Each structure stands twice: as structure tokens, then as C-alpha cells.
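Understanding the architecture of this molecule
Each chain, written out:
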Amino acid sequence: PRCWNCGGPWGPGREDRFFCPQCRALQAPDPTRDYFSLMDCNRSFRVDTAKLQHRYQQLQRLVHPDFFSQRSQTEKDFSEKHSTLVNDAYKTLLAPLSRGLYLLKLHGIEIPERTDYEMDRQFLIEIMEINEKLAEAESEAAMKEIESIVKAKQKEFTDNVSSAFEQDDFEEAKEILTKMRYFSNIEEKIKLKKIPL
Ligand SMILES: [Zn+2]
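Residues numbered from 1 in each chain as written, not as in the entry; some residues may be left out. Heavy atoms only, no water.

1. Quick word on the overall build of the protein chain
Helix and strand content of the protein chain: seven helices and zero strands. Each helix (α) and strand (β) of the protein chain, taken in turn from the N terminus, gives the series α-α-α-α-α-α-α. Relative to its length of 197 residues, the protein chain is extended, with a C-alpha radius of gyration of 22 Å against a globular reference of 16 Å. Its C-alpha atoms give the protein chain principal-axis dimensions of roughly 65 × 40 × 30 Å. Per-residue burial over the protein chain gives 35% buried out of 197 residues. The contacts in the protein chain between residues at least 6 apart in sequence include a share of 59% that link residues at least 24 apart. By element, 49% of the accessible surface of the protein chain is carried by carbon and sulfur atoms, the whole surface being about 12800 Å². (Helix = DSSP H or I, 4+ residues; strand = E, 2+ residues; numbered from the N terminus. Rg over C-alpha atoms; globule rule 2.2 N^0.38 Å. Buried < 20%, exposed > 50% of the residue type's maximum accessible area, 1.4 Å probe, protein only. Contact = heavy atoms within 4.5 Å. Areas by Shrake-Rupley, 256 points an atom, 1.4 Å probe, with all protein chains shown as cover.)

2. Notes on the packing of helix 5 (residues 121–136) against helix 6 (residues 140–166)
For the pair helix 5 and helix 6, the least separation of the axes is 10 Å and the interaxial angle reads 155 degrees. When the interaxial angle is binned, helix 5 and helix 6 end up roughly antiparallel. In the crossing of helix 5 with helix 6, the sense of the turn from one axis to the other is left-handed. Counted together, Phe123, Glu126, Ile130, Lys133 and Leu134 of helix 5 and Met143, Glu145, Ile146, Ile149, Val150, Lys153 and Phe157 of helix 6 form the full contact between these two elements. The residue inventory of the contact of helix 5 with helix 6, partitioned by class, reads eight nonpolar, no polar and four charged. (Axes fitted to C-alpha atoms, helices over the stretch in contact; angles between N-to-C directions. Parallel < 35°, antiparallel > 145°, perpendicular 65-115°, else oblique. Left-handed = near helix turned anticlockwise from the far one by under 90°. Nonpolar A, V, L, I, M, F, W, Y, C, P; charged D, E, K, R; others polar.)

3. Some details on unusual backbone geometry
At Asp40, a residue that is not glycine, the phi angle is positive and equals roughly 55 degrees. Within the secondary structure, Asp40 is located in the loop between helix 1 (35–38) and helix 2 (49–63). Among the residues examined, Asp40 registers a relative accessible area of 58% and is labelled exposed.

4. Quick word on the coordination of the zinc ion
Surrounding the zinc ion are the protein donor atoms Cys3 (SG), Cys6 (SG), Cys20 (SG) and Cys23 (SG), which sit 2.3 Å from the metal. Note that the zinc ion binds four donor atoms; their angles at the metal cover 92 to 122 degrees, and the shape is tetrahedral. Within one chain, the residues donating to the zinc ion are spaced in sequence as C-x2-C-x13-C-x2-C. Of this pair, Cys3 sits in the segment before helix 1 while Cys20 sits in the segment before helix 1, and the two are 17 residues apart along the sequence. What makes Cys3 buried here is its relative accessible area of 6%. The exposure class of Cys20 is buried, given its relative accessible area of 5%. (Donors = N, O, S within 2.8 Å, 3.2 Å for Na, K, Ca; no water. Tetrahedral: all angles 85-135°; square planar, octahedral: opposite > 155°, others 65-115°.)

5. Side note on the packing of helix 3 (residues 73–94) against helix 4 (residues 96–106)
The N-to-C vectors of helix 3 and helix 4 enclose an angle of 105 degrees; their axes lie 5 Å apart at closest approach. It follows that helix 3 is roughly perpendicular to helix 4 by the angle criterion. Each of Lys91, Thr92, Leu93 and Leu94 in helix 3 lies in contact with helix 4, whose residues at this interface are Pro96, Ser98, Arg99 and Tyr102. The class makeup of the residues in the contact of helix 3 with helix 4 is four nonpolar, two polar and two charged.

6. Observations regarding helix 3
Here helix 3 is 22 residues long and its end C-alpha atoms lie 32 Å apart, about the 32 Å a rise of 1.5 Å per residue gives. When helix 3 is considered as a whole, its buried residues turn out to be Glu75, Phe78, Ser79, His82, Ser83, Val86, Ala89, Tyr90, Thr92 and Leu93. (Expected span 1.5 Å × (residues − 1).)

In C-alpha cells form, the structure reads like this:
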């Protein structure tokens, strides 16, 4: 690893290698750098979103294409690349759901796309019950009950998946996170139904 302007060696040291100490040029982003690192926090399901938002700004102060409009094409390139990554990381870590799923990827676990079959019975039952309820839900208050029901589950699940990580129990975390995916959809459908008011 070396600088595109100098040839200055990338030090085998600490992480934030945004600028070349030798020539001040904006460097190519490290593909290997995970989002928790880029957002300067521990690999953890638990994430301080006030801090996160602050980091997001610090970095966007450094790499956003606005500051590179008058600079070389190479720097414009990298400025755009970085700024995109910064956005990804931020969005990914901000949402507990995407955070959970991202946390699993690093721990080397890939997720099947909401595979409806690999699921257990009791949960399936819950899902078709919620469905029925929502389908039946036309009144504004019957609408509230579902929201409650859904949000009460969401909390329970967050607590659970938090534990799963605390214990390194990724097979469990993958389970619960696959569940949380369902309820997110249901949430979005409710919000979509809630538009006309
Ligand atoms: Zn350099």
C-alpha cells in the first residue's frame, strides 16, 4: 500500500488513512475497513447514535465532493468514493436491523433472502395472525392495536438479539434477525396504510 501521488508508504499503524502525511493528497479508501471502524466504534449491536451522527459529520467535512469541485479528477474520484462509503456505513449502523445483519456478515454468516420455509411453526402462526388482523384492520383503533402488538414484539426481539450478540450466539442472532425482517415489512405496510390521514 502506497500513495498515488508520492509513492509514500502506508504506515503499518492506526486506521484513519484519509490524507497522505507527505503530500496532503486524499487517498483511495481502504476496501477492507469495516463500517464499525469507519464510524469509529466497537463491533457491537449496541451503538451510540448521537456519537454516530457526529462521526458522520466529521468525515463528511473531510471527504464530501463539495470541497473537491476545484481539485484534480483523481481527488474528485476518491472524494466521491469515500463519501458514498461514509453514507453506507452511517445508514447501515443507524438502523438496528441493518446493523444486526451487517454484524453477522463480518462474523462470516450470510443470510438467505427472507426464506419463508426455513422458519419454525409457532412464529409462522403469529405471522398469519398479524396478517389477518391487519387485513381485517380498517378502523383507526384496530389499527392502534396492531401497531402496539408489532412494536411490543419489536422490543422483545431487540432485547433478545442484543443478548445473542453479548454471548456470541450468532445462530440465534440470525434466527431473531430473520424475524425482525418480517415485522419491519409489517411496520412499513401499516405506515403505508396510514398515509391518507
Ligand atoms: Zn502522497
